[PDB]
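Coordinates from entry.txt are shown below (compact mmCIF, C-alpha atoms and all ligand atoms).
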# COMPACT_ATOMS: atom_id res chain seq x y z
CA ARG V 1 -104.87 95.35 -43.35
CA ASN V 2 -107.40 93.12 -45.21
CA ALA V 3 -108.80 96.39 -46.71
CA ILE V 4 -105.68 98.08 -48.20
CA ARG V 5 -104.13 94.73 -49.21
CA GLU V 6 -105.02 95.20 -52.91
CA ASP V 7 -103.55 98.67 -52.50
CA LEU V 8 -100.16 97.36 -51.27
CA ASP V 9 -100.13 94.84 -54.15
CA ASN V 10 -100.37 97.75 -56.60
CA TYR V 11 -97.42 99.63 -55.07
CA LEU V 12 -95.23 96.48 -54.99
CA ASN V 13 -96.09 95.67 -58.59
CA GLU V 14 -95.29 99.22 -59.64
CA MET V 15 -91.95 99.15 -57.84
CA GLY V 16 -91.01 95.81 -59.50
CA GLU V 17 -91.81 97.15 -62.96
CA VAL V 18 -89.82 100.31 -62.43
CA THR V 19 -86.86 98.36 -61.11
CA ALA V 20 -87.05 95.87 -63.99
CA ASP V 21 -87.25 98.76 -66.51
CA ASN V 22 -84.16 100.47 -65.07
CA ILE V 23 -82.09 97.30 -65.17
CA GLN V 24 -83.23 96.60 -68.74
CA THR V 25 -82.17 100.08 -69.81
CA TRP V 26 -78.85 99.77 -68.00
CA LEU V 27 -78.13 96.44 -69.71
CA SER V 28 -79.39 97.44 -73.18
CA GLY V 29 -76.73 99.99 -73.82
CA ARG V 30 -74.02 97.56 -72.79
CA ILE V 31 -75.57 94.87 -74.95
CA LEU V 32 -75.52 97.30 -77.88
CA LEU V 33 -71.84 98.08 -77.47
CA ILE V 34 -70.96 94.39 -77.63
CA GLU V 35 -73.20 93.76 -80.60
CA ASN V 36 -71.62 96.73 -82.39
CA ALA V 37 -68.13 95.37 -81.63
CA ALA V 38 -69.21 92.04 -83.09
CA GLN V 39 -70.65 93.69 -86.17
CA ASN V 40 -67.45 95.64 -86.69
CA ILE V 41 -65.25 92.56 -86.08
CA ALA V 42 -67.23 90.71 -88.75
CA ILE V 43 -66.33 93.49 -91.25
CA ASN V 44 -62.60 92.68 -90.96
CA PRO V 45 -61.59 89.84 -88.64
CA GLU V 46 -57.80 90.17 -89.03
CA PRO V 47 -56.25 90.15 -85.56
CA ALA V 48 -54.74 93.62 -85.88
CA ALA V 49 -58.18 95.10 -86.63
CA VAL V 50 -59.76 93.12 -83.79
CA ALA V 51 -57.22 94.25 -81.28
CA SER V 52 -57.71 97.90 -82.32
CA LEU V 53 -61.51 97.69 -81.99
CA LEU V 54 -61.26 96.10 -78.56
CA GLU V 55 -58.80 98.71 -77.27
CA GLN V 56 -61.16 101.67 -77.75
CA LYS V 57 -62.18 103.64 -74.67
CA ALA V 58 -65.95 103.14 -75.12
CA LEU V 59 -65.35 99.41 -74.48
CA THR V 60 -62.48 99.54 -72.00
CA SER V 61 -64.26 102.08 -69.83
CA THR V 62 -67.55 100.08 -69.79
CA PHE V 63 -66.32 96.48 -69.39
CA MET V 64 -63.63 94.91 -67.18
CA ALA V 65 -62.45 93.36 -70.46
CA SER V 66 -63.75 92.79 -73.94
CA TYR V 67 -62.53 89.97 -76.11
CA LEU V 68 -62.94 87.70 -79.11
CA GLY V 69 -62.45 83.92 -79.04
CA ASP V 70 -62.58 81.73 -82.12
CA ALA V 71 -63.20 78.11 -83.10
CA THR V 72 -59.44 77.41 -83.24
CA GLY V 73 -59.02 78.48 -79.62
CA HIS V 74 -57.26 81.78 -80.31
CA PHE V 75 -58.39 84.77 -78.27
CA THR V 76 -57.72 88.52 -78.05
CA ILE V 77 -58.42 90.38 -74.85
CA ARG V 78 -58.29 94.11 -74.07
CA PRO V 79 -57.06 95.34 -71.74
CA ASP V 80 -54.60 92.40 -72.02
CA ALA V 81 -54.55 90.01 -69.08
CA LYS V 82 -52.36 87.02 -68.12
CA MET V 83 -54.70 84.00 -68.59
CA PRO V 84 -54.26 80.63 -66.84
CA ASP V 85 -52.08 78.00 -68.56
CA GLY V 86 -54.20 76.10 -71.04
CA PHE V 87 -56.99 78.73 -71.16
CA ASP V 88 -59.41 77.78 -73.95
CA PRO V 89 -62.25 80.23 -74.74
CA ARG V 90 -64.28 77.48 -76.40
CA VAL V 91 -65.12 75.75 -73.12
CA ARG V 92 -66.07 78.95 -71.24
CA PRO V 93 -69.71 79.88 -70.46
CA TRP V 94 -69.79 83.09 -72.49
CA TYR V 95 -68.62 81.18 -75.55
CA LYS V 96 -70.97 78.19 -75.29
CA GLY V 97 -73.84 80.55 -74.39
CA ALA V 98 -73.38 82.69 -77.46
CA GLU V 99 -72.89 79.65 -79.72
CA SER V 100 -76.18 78.15 -78.50
CA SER V 101 -78.25 81.26 -79.30
CA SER V 102 -79.33 82.99 -82.51
CA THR V 103 -78.79 86.35 -80.81
CA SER V 104 -76.76 88.02 -78.08
CA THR V 105 -76.95 86.49 -74.64
CA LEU V 106 -75.98 87.13 -71.04
CA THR V 107 -74.38 84.57 -68.76
CA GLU V 108 -75.29 83.64 -65.27
CA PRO V 109 -72.64 84.55 -62.71
CA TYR V 110 -69.45 82.48 -63.09
CA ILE V 111 -65.81 82.72 -61.95
CA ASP V 112 -63.74 85.00 -64.19
CA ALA V 113 -60.65 83.28 -65.67
CA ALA V 114 -58.86 86.64 -65.68
CA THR V 115 -59.47 88.12 -62.23
CA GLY V 116 -60.77 85.14 -60.26
CA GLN V 117 -63.88 87.01 -59.16
CA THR V 118 -67.57 86.37 -59.85
CA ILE V 119 -68.78 88.12 -63.02
CA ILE V 120 -71.39 88.02 -65.74
CA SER V 121 -70.64 88.47 -69.40
CA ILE V 122 -72.51 89.76 -72.39
CA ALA V 123 -71.64 87.84 -75.53
CA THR V 124 -72.59 87.37 -79.13
CA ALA V 125 -71.41 85.44 -82.17
CA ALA V 126 -69.73 87.67 -84.78
CA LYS V 127 -71.24 86.60 -88.12
CA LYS V 128 -70.26 87.47 -91.73
CA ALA V 129 -73.35 86.66 -93.80
CA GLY V 130 -74.68 83.70 -91.75
CA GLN V 131 -71.21 82.28 -90.97
CA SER V 132 -69.89 82.82 -87.42
CA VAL V 133 -66.27 84.04 -87.19
CA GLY V 134 -66.14 83.81 -83.36
CA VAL V 135 -67.73 85.04 -80.16
CA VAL V 136 -67.29 88.54 -78.76
CA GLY V 137 -67.86 89.20 -75.09
CA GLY V 138 -67.49 91.75 -72.33
CA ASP V 139 -67.30 91.28 -68.62
CA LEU V 140 -69.19 93.05 -65.81
CA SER V 141 -68.45 92.42 -62.14
CA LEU V 142 -70.97 91.10 -59.66
CA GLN V 143 -70.21 94.11 -57.47
CA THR V 144 -71.26 96.32 -60.34
CA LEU V 145 -74.58 94.46 -60.69
CA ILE V 146 -75.18 94.55 -56.93
CA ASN V 147 -74.60 98.32 -56.87
CA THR V 148 -76.92 98.87 -59.85
CA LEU V 149 -79.65 96.98 -57.97
CA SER V 150 -79.23 98.65 -54.57
CA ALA V 151 -79.42 102.19 -56.04
CA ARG V 152 -83.22 102.59 -55.67
CA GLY V 153 -86.51 101.34 -46.12
CA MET V 154 -89.30 98.82 -46.84
CA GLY V 155 -87.07 96.38 -48.71
CA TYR V 156 -84.66 95.49 -51.48
CA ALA V 157 -84.46 94.03 -55.00
CA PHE V 158 -82.59 91.00 -56.28
CA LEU V 159 -82.22 89.32 -59.65
CA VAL V 160 -83.41 85.74 -60.13
CA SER V 161 -83.50 83.49 -63.21
CA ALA V 162 -86.80 82.08 -64.38
CA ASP V 163 -85.47 78.69 -63.19
CA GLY V 164 -85.60 80.08 -59.62
CA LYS V 165 -81.81 80.60 -59.20
CA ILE V 166 -80.81 83.77 -57.36
CA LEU V 167 -78.27 85.51 -59.58
CA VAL V 168 -77.54 88.86 -57.82
CA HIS V 169 -78.49 89.60 -54.21
CA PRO V 170 -77.22 92.14 -51.67
CA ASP V 171 -76.53 89.20 -49.41
CA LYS V 172 -73.58 87.59 -51.27
CA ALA V 173 -74.11 84.28 -49.50
CA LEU V 174 -77.32 83.81 -51.54
CA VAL V 175 -75.71 84.40 -54.94
CA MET V 176 -76.30 81.36 -57.15
CA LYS V 177 -78.57 79.63 -54.66
CA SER V 178 -82.05 78.43 -55.60
CA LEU V 179 -85.00 80.10 -53.88
CA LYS V 180 -85.52 76.87 -51.98
CA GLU V 181 -81.92 76.71 -50.74
CA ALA V 182 -81.92 80.44 -49.92
CA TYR V 183 -85.32 80.43 -48.11
CA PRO V 184 -85.57 76.91 -46.73
CA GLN V 185 -88.07 77.64 -43.96
CA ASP V 186 -90.76 79.22 -46.14
CA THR V 187 -90.03 79.52 -49.88
CA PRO V 188 -91.31 82.27 -52.17
CA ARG V 189 -92.76 80.97 -55.44
CA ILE V 190 -92.37 82.67 -58.79
CA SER V 191 -95.69 81.00 -59.73
CA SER V 192 -97.50 83.21 -57.16
CA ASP V 193 -98.12 86.92 -57.64
CA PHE V 194 -97.19 87.41 -53.97
CA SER V 195 -95.50 85.17 -51.46
CA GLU V 196 -95.82 85.99 -47.77
CA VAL V 197 -92.91 84.26 -46.10
CA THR V 198 -91.45 84.43 -42.62
CA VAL V 199 -87.76 85.41 -42.45
CA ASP V 200 -86.06 85.70 -39.00
CA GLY V 201 -89.48 85.77 -37.27
CA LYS V 202 -90.82 88.58 -39.51
CA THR V 203 -93.32 88.37 -42.41
CA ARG V 204 -91.89 89.57 -45.76
CA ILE V 205 -93.84 90.01 -48.97
CA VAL V 206 -92.02 88.82 -52.13
CA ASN V 207 -93.04 89.36 -55.75
CA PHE V 208 -91.27 88.80 -59.05
CA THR V 209 -91.30 91.03 -62.13
CA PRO V 210 -90.05 89.87 -65.53
CA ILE V 211 -87.27 91.96 -67.08
CA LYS V 212 -88.43 92.63 -70.62
CA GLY V 213 -86.19 93.18 -73.63
CA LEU V 214 -83.18 91.06 -72.72
CA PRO V 215 -81.84 88.85 -75.47
CA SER V 216 -81.88 85.08 -74.92
CA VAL V 217 -82.53 85.02 -71.14
CA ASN V 218 -85.67 85.21 -69.02
CA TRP V 219 -84.85 86.77 -65.67
CA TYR V 220 -86.93 88.44 -62.96
CA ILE V 221 -86.51 91.21 -60.44
CA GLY V 222 -87.48 89.95 -57.00
CA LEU V 223 -88.60 92.50 -54.41
CA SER V 224 -88.74 91.55 -50.77
CA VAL V 225 -90.32 93.96 -48.25
CA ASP V 226 -90.99 93.81 -44.54
CA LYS V 227 -94.76 93.38 -44.23
CA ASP V 228 -95.23 95.71 -41.21
CA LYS V 229 -93.13 98.55 -42.69
CA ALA V 230 -94.91 98.19 -46.06
CA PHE V 231 -98.39 98.47 -44.48
CA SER V 232 -97.02 101.37 -42.39
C1 LIG A 301 -61.87 86.33 -71.97
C2 LIG A 301 -61.38 86.64 -70.57
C3 LIG A 301 -61.29 88.13 -70.27
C4 LIG A 301 -62.09 85.90 -69.44
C5 LIG A 301 -63.56 85.47 -69.45
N1 LIG A 301 -64.40 86.32 -68.61
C6 LIG A 301 -63.59 84.05 -68.89
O1 LIG A 301 -63.66 83.84 -67.67
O2 LIG A 301 -63.54 83.11 -69.70
Rewrite the structure of this file - the entire thing - as structure tokens.
Amino acid sequence: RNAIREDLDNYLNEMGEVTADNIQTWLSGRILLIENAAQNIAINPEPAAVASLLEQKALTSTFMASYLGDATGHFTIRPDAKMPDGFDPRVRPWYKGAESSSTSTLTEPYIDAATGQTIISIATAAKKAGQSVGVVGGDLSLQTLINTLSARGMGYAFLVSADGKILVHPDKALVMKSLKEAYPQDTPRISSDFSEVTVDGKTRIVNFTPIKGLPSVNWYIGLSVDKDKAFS
């Protein structure tokens, strides 16, 4: 094994890059739809126009919901949903995220005010010549992200922030845990090209690949493979 080790490294690196590239491409189109909705909203922000934009099938078929929230606390959501009493878009993570960035952004997983399930959102400020008229967002379910990741018997991919927080993992118990909390006995390190760590009495090899071309966030694909199966 100390002969083909540099070999295995090359396969694992290649698989990480491919997986990162797929997820980037999958997210990019969705990012573009939300940006386009924001650009269009900024053309005419009257609520009738906004509603009509947000009701179109390209958006409603791609996102669980798409919406605009503004600095007065008003919001429009399509498809319409009953929101909790007192719902204020200004305090929600999609809104504060977009307001803190010069470009589009993606949230970490959070609890959806609409459905009560764990989601991420894509969001961007809708600007008319330098002035923001509000924040436009769209929601994607965790289950959707988990399925996108498990699509492509050595091992599996997961998504982790560059702060070391697991964002999306096929084991749902590890969602939104730090690497340390998720792997307490022997912790993989994003600062290492490869981490050999024992899980349930087996050696796994873990590497991390940056996902290029996302706006505002720096996230990695983690790959974890059984060390015997990989060598075999
Ligand atoms: C705007 C709404 C559809 C809900 C949004 N995802 C939230 O939790 O704030």
Distance in Å - atom CA of residue 192 of chain V versus atom CA of residue 220 of chain V: 13.1 Å
Environment of ligand LIG 301 (chain A) within 6 Å, counting only C-alpha atoms and all ligand atoms, reported as a list in words: residues 65, 67, 77, 89, 92, 112, 113, 114 and 139 of chain V
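You will find atom CA of residue 91 of chain V at 10.4 Å from atom CA of residue 71 of chain V.
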Write out, as a tab-separated table, each residue of segment 24-130 of chain V that has an atom at most 10 Å from segment 143-158 of chain V, together with the closest pair of atoms and their distance in Å to one decimal, counting only C-alpha atoms, rows going by chain and rising number.
residue	atom	partner	partner_atom	distance
V:26	CA	V:148	CA	8.4
V:27	CA	V:145	CA	9.9
V:117	CA	V:143	CA	9.7
V:118	CA	V:143	CA	8.5
V:119	CA	V:143	CA	8.3
V:120	CA	V:145	CA	8.8
For the selection you just gave me, I'd like the residues written to a file as a PDB file, in the coordinates of the input, keeping C-alpha atoms.
ATOM      1  CA  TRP V  26     -78.850  99.770 -68.000  1.00  0.00           C
ATOM      2  CA  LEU V  27     -78.130  96.440 -69.710  1.00  0.00           C
ATOM      3  CA  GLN V 117     -63.880  87.010 -59.160  1.00  0.00           C
ATOM      4  CA  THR V 118     -67.570  86.370 -59.850  1.00  0.00           C
ATOM      5  CA  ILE V 119     -68.780  88.120 -63.020  1.00  0.00           C
ATOM      6  CA  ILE V 120     -71.390  88.020 -65.740  1.00  0.00           C
TER       7      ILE V 120
END
Under the rule that all atoms listed in the file are counted, which of V:44, V:131, V:105, V:161 is the nearest residue to residue 210 of chain V?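 Closest to residue 210 of chain V of all the choices is V:161.
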One decimal, Å: what's the distance from atom CA of residue 73 of chain V over to atom CA of residue 141 of chain V, could you say?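 Atom CA of residue 141 of chain V lies 24.3 Å from atom CA of residue 73 of chain V.
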Local residues around (-69.0, 85.7, -72.8), at most 8 Å away, using all atoms listed in the file, as a list in words: residues 92, 93, 94, 95, 97, 98, 106, 107, 120, 121, 122, 123, 124, 135, 136, 137, 138 and 139 of chain V
Please tell me which residues are no farther than 6 Å from (-80.0, 87.4, -73.3) in the file, counting all atoms listed in the file, and write them as a PyMOL selection string. chain V and resi 104-106+214-217
Which one of V:134, V:221, V:201, V:128 sits closest to residue 166 of chain V if you count only C-alpha atoms? V:221
List the neighbours of residue 211 of chain V out to 8 Å using all atoms listed in the file; skip same-chain residues closer than 4 positions along the sequence, and give me the result as number ranges by chain. V: 20-21, 23-24, 218-221
For residue 203 of chain V, the nearest of the candidates V:54, V:38, V:190, V:230, counting all atoms listed in the file: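 So, comparing all the options, the nearest one is V:230.
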Of the candidates V:31, V:59, V:168, V:68, which one gets nearest to residue 213 of chain V if we count only C-alpha atoms?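 Closest to residue 213 of chain V of all the choices is V:31.
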Applying 10 Å and all atoms listed in the file, which residues near residue 181 of chain V remain after dropping the ones on its own chain fewer than 5 positions away? List them as a VMD selection string. chain V and resid 165 to 166 174 176 187
Could you save those same residues with C-alpha atoms as an mmCIF file, in the frame of the given file?
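What follows is the written file again.cif:
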data_model
loop_
_atom_site.group_PDB
_atom_site.id
_atom_site.type_symbol
_atom_site.label_atom_id
_atom_site.label_comp_id
_atom_site.auth_asym_id
_atom_site.auth_seq_id
_atom_site.Cartn_x
_atom_site.Cartn_y
_atom_site.Cartn_z
ATOM 1 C CA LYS V 165 -81.810 80.600 -59.200
ATOM 2 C CA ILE V 166 -80.810 83.770 -57.360
ATOM 3 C CA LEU V 174 -77.320 83.810 -51.540
ATOM 4 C CA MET V 176 -76.300 81.360 -57.150
ATOM 5 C CA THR V 187 -90.030 79.520 -49.880
#
